[PDB]
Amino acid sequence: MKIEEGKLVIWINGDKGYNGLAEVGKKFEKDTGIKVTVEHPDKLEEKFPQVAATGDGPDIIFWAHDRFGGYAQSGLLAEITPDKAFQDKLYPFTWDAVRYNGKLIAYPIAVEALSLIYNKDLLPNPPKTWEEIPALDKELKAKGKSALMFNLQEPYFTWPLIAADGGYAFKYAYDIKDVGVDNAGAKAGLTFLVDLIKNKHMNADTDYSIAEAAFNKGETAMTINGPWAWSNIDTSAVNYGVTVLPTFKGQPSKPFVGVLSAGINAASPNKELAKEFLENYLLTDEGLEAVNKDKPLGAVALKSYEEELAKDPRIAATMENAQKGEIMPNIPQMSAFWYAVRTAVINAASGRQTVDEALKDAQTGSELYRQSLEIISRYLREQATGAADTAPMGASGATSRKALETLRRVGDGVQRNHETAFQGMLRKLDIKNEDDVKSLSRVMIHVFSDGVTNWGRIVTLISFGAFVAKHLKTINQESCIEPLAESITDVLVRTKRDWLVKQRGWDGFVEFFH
């Protein structure tokens, strides 16, 4: 096994209090002899799944809870099992952010929400509305200042605006069926941001460091950022305030609220040490203070210490923005949702795509897994049992239905022509239970990847899946059909997502075979 036993490697993002954390790590090493290394690798949310999947990575990973459902579902997180007493030390709603399929998959640490940060010397009264910001920037430009700079390379920062007039990721009733990414609310918000850019009030290349530097150098009146940012502002001597985000179309900006959480790698041979470190050293008044004093955490999950931080008006403002926002879902396709929306915002802002085009593709990217699983699960189950599924597809499921119709039609031929091939291939393998279905995945990934990417080969891969699902039914392993469909779907979207989106997803499929 890759991960070193007898020490702890922790990953946390480089904008958080890593030095403070490492100090908590020193304390732990002092009492236990166990060294703690805190690293803040770049793109660590991307890297964790890649490396943890191969039995590697940090013992503990810090990120907002939104990425942990992906990780938990891929088996990359140890289930955590803190006792009732410990559980009572943290806010139930923070524990809620770390519950995935009924299990606690991470330790909650802090609730984070973007707030509007402003320079009180430049801007005594922060704009209440986004709509006033263009006029406000006119004024400020007259003095060689700008109104607002915030990170346009990460959709997190734009999201409160996109979500203000009705955009949403997955409707909470999480109907993963209902994606709000390209609705009129999203369009209106992202259109507003794009007009800010076209009218020179924002620059589309502005990233974290540039917005930060401009706010911290007094060049811009406002930014949008989280509590982690306040330390650098303190050091810069800007007289800043932290306040409610502006409204858009009379409605609050709805930031996606994150619970900074700490997950223990399923591959870690140091789970007990990680539980000890997180429960008894980090999630303590002193532990969270050390981290917070370095870069503020937000509203911490630990009740005792949050009662002290709650008096800080910057935290009250963070909580104000959090209550107007929504807790991020932790469902596995959050990763894809964010990747899609990131690209949409970058492209809309740079003019590479219109808002319409960009959010359409983002809707497609966001829906891709679920849409593909719906198609593939259905096809696989109707092929194995001979009977179609009676349940409707959703309100956005004309595509599913047409793609399934296409798949039936094209897939019939492909299975029929490949029956002898598939029987031989199927015979090679022992495919008798759910334990073999994960093996399949590798075989199928490897074979699928080996050749050119086109819809005909996608049909072949799904058709072999259909073949196997039939085999699984015949041997009373119908319960393995869904896992096979999930596995095929994962293979397909993880390795072909960009291609899939370029083809307009399953609409492209229908079109290619029309």
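Residue numbers here begin at 1 and follow the sequence given. Throughout, rigid core stands for the largest set of C-alpha atoms superposing within 1.5 Å between the two forms.
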Of 272 to 280 and 430 to 438, the one with the larger RMS C-alpha deviation from the shown form in 9 other deposited structures of this protein, core-superposed, is 430 to 438
Relative to this form, superposed by the core, which stretch has the greater CA RMS in 9 other deposited structures of this protein: 439 to 447 or 79 to 87? 439 to 447
Tell whether, across the other compared PDB entries, at least a third have no coordinates for residue 186. no
Would residue 173 be found without coordinates in at least a third of the other compared entries? yes
Stretch with the greater mean C-alpha B-factor as recorded in the entry, comparing 428 to 436 against 382 to 390: 428 to 436
Could you check the entry and say whether 447 to 455 or 485 to 493 has the higher mean CA B-factor? 447 to 455
Out of 168, 86, 240, 71, which shows the largest CA B-factor listed in the entry? 168
Options 406, 129, 400, 232 - largest CA temperature factor per the record: 400
Based on the entry's values, in what third of the chain does the Cα temperature factor of residue 510 lie: lowest, middle or highest? middle
By the entry's values, the third containing the CA B factor of residue 258 is the lowest
Taking only the Cα B-factors deposited for this chain, tell me whether residue 337 sits in the lowest, middle or highest third. lowest
Check where residue 65 lands among this chain's C-alpha B-factors and tell me if it's the lowest, middle or highest third. lowest
Which third of the chain does residue 305 land in by C-alpha B-factor: lowest, middle or highest? middle
